[PDB]
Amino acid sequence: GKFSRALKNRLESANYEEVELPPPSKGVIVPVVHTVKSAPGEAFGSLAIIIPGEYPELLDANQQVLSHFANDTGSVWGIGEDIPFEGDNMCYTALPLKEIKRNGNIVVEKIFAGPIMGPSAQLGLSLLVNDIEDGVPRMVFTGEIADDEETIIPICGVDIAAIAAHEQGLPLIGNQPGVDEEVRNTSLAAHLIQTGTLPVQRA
């Protein structure tokens, strides 16, 4: 459960083959919690960017798995479970995001670990295939999407994910306390991408 700087440094010491890529045509950022059975009760966070195209070769071989959106409608390299909603008939890769730059260039690297498990990348993925057209929103999304494709189900480890977002100067977005801007549902998340920041009230 708890944030461990010691786990972070020991696992991240093995990160390798850093590379800089041009700006994605679009993308979305999500947080990942890292654990290992022999470090019980410890965890730390990182960010992943999900971009168009097939780049299994940029991933550690243990992440070179392909998971599919529902029915015919596209797939993502690097994620470990199927996605219960339709995509937009595009192929994506989920890459460890080391840095996203001023000019949009992304710095990606390999990590020694399995693929991205669990349902908390679903808010991101849903926004990516339904609402994002161009660019990468400068924010980090976290949450499971219900059957209605509107309700956002909250995650454990929101503190870990926050740390991970803040490291890179980005806000955490989700439907729970601990996040920087709360979004009750997917369509409020999509409105946030449009406004870019939370609207302000002055009386």
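Each residue number is its position in the shown sequence, starting from 1.
Higher average CA B factor: 101 to 109, of the stretches 101 to 109 and 69 to 77. When the two stretches 121 to 129 and 91 to 99 are set side by side, the higher mean Cα temperature factor goes to 91 to 99. Of the candidates 137, 157, 143, 31, the PDB record gives 157 the highest C-alpha temperature factor. Among 35, 46, 151, 62, the highest C-alpha B-factor recorded in the PDB entry belongs to 151.
Per the PDB record, residue ranking by Cα B-factor puts residue 40 in the highest third of the chain. Among all modelled residues in this chain, the alpha-carbon of residue 179 has a temperature factor (C-alpha) in the middle third. Sorting the modelled residues of the chain by their CA temperature factor places residue 15 in the middle third. Sort the modelled residues of the chain by CA B factor and residue 1 lands in the highest third. In this PDB entry, the Cα temperature factor of residue 200 sits in the middle third of its chain's modelled residues.
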